[PDB]
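What follows is one chain in structure tokens, specifically the form deposited in one PDB entry.
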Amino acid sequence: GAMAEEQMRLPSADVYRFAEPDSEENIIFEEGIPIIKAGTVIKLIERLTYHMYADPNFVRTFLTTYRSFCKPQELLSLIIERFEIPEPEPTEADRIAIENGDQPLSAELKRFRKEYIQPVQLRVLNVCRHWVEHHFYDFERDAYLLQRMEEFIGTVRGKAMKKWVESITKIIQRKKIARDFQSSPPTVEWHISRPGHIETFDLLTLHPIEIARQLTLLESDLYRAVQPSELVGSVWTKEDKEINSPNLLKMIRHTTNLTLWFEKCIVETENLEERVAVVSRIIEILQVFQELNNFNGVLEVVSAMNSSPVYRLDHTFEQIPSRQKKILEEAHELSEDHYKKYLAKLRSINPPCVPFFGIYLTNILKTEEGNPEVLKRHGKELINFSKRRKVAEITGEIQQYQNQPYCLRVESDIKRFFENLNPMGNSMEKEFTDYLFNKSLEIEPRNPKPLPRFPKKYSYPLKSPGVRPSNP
């Protein structure tokens, strides 16, 4: 019948793998273009290059997420296999015409070329273009993968294929070339340390406004460099994390380094009055982070203030001004009830901002851990694509804030200072944080023991210059 007529117009399974009929054993849809819930990799590749219609949502989501279920080398082999569509044999009447040296009618052959082969081949090249355009890092990390792509693209022949080959070749060239303000920004603020005097640069010697600005610029650049694929499949926690998630790992290491540096600054200031000044100055840095909508920065300070060594320092926070304590308390409350107030704040403000990154890693980990890699139907494993789409939706939220530059002048020496923070030294984190906690017990012992006094370490004025910028 008509079903067998349609299916037999496609190539048979012995000469081509991407034309088997749809069924429950190889593909599932979600409850318009159908939304793919699960399927075998061969069915996902078929639908990624589907003859009947374009599917940009699926193409975008696939090329973001595919590394969780398919290697780059393997993907290129599959789409090249997909591309190589065999043509049907001539009809009996046309076989006779070819036998006599005459031109065959080739009515069905021409229809198959028109309505199946050319569309699929164009879809394969659309995937190739999207691949090199938005995920060129695959080809940077694997030179052999690029050699295969350029050999494939370079041997494509046809009238309708010429324009696609040239645009793909043009994009590949631009990505190699790249590989090798709006308004007036405010005046760079200084306090004790002079411009160029990098030896004197420290928490209390630099201006707190300028610390916040330069950290916001640093954290903005780190935020914007993270690609969606660096988060997919929890690859930042696997053994190839350094190659797969370099920008994410850099952001995490900065957060760890800054947060522990704040803790180190506080608890290695053994004098009570000086430690109050240190804590007060870090709160001022938080207030300027808040002014700049650097929520990453705000919650880095909250993390440092809530840590085991700092949070217990009752005598230090006793002397902190009530207004600063209120600001600290409101910063904390951003995280309560699964970050409800933070998300409300994030939605309400105007750009530019730097979102809190940690929340994306939490929700991705829960999505990765909470959903199965495969769905089973009749003893066959199908790749759980809905899982990948949900992860891709979270990385989509990251990307909407990744084009918000700050109107703030970079200061190279202050940037270097914060880029090169190494509070742990040779120690590992766990042992260093144990050291931090043991320091807290020394400077402020538990209730049975009294509070000893400690000498001053700072030889310069401790009074803050404040958080309001120079506008007299």
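In case it trips you up, residue 1 is the first one in the sequence shown, and so on. Think of the rigid core as the biggest set of C-alphas that the two forms share within 1.5 Å after superposition.
A second form of this protein, the form deposited in another entry, is not displayed here; the remarks below concern that form.
Enquirer: Tell me, with the core superposed, which single residue in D94, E189, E268, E274 has its C-alpha moved by at least 2 Å between the shown form and the other one.
Expert: None of the others reach 2 Å, which leaves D94.
Enquirer: With both forms fitted on the core, check whether the Cα of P351 differs by 2 Å or more between the shown form and the other one.
Expert: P351 C-alpha, core-superposed: shift of 2 Å or more.
Enquirer: Once you line up the core, how about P104: does its CA shift reach 2 Å between the shown form and the other one?
Expert: Shift at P104: 2 Å or more after core fit.
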